[PDB]
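What follows is a single chain, given as structure tokens, in the form deposited in one PDB entry.
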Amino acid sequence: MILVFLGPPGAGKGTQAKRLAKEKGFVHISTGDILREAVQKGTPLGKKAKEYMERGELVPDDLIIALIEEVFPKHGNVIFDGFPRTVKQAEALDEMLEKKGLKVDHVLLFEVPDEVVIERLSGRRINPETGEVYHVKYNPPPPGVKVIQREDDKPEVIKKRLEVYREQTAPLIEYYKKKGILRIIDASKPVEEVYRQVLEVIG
């Protein structure tokens, strides 16, 4: 089965997806994670993407659409996490799945207010050795463990990513609600609670 996790940055989409992949064996496709690997490796995608990312802008559709083609697994259930981000991306995803006799089964919309997303992101910390994600207030790193804060988690960039989310990504809500596959999630709640609600949604 094929899920899309949709919603603003910091809503908790990655936290839930990684949890789901791990416990239920979903294939977790994180375009954010994939892109950062590429940038850090200086691949051609990496080198081109870098500037858009640093600046809180969207990497161009064609690049991302091709990236998805590359990583989409022949078998397994799939969580799309951070893709699609635009209407053009969603149209292309539909056609790709189609050629494979597949489709998007559920779009989960992680609803959470602007106020909450700023607190989630500004406090997001990463363990660079394992890539485990933490938060200063809600799930603090173990003492003596070194962690970084991502550049795009800075206030100015956060502001721009929110803006980008509202302009380009938010119209996906109506796009999927149209298909009758959009389920709403209350992403404001604690992790365990948001998680139980994700499980109930997907049966």
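Residues carry their position along the shown sequence, with the first being 1. Throughout, rigid core stands for the largest set of C-alpha atoms superposing within 1.5 Å between the two forms.
Beyond the structure shown, there is the form deposited in another entry, which is absent from this document and is the topic of what follows.
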Superposing on the rigid core, is the CA of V78 displaced by 2 Å or more between the shown form and the other one?
-> no
After the core is overlaid between the shown form and the other one, has the C-alpha of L121 moved by 2 angstroms or more?
-> yes
Would you say whether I29 is displaced between the shown form and the other one, judging by a C-alpha shift of 2 Å or more on the superposed rigid core?
-> no
Distance flag for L97 and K48 (Cα, change 3 Å or more) in that other deposited form: the two residues are closer
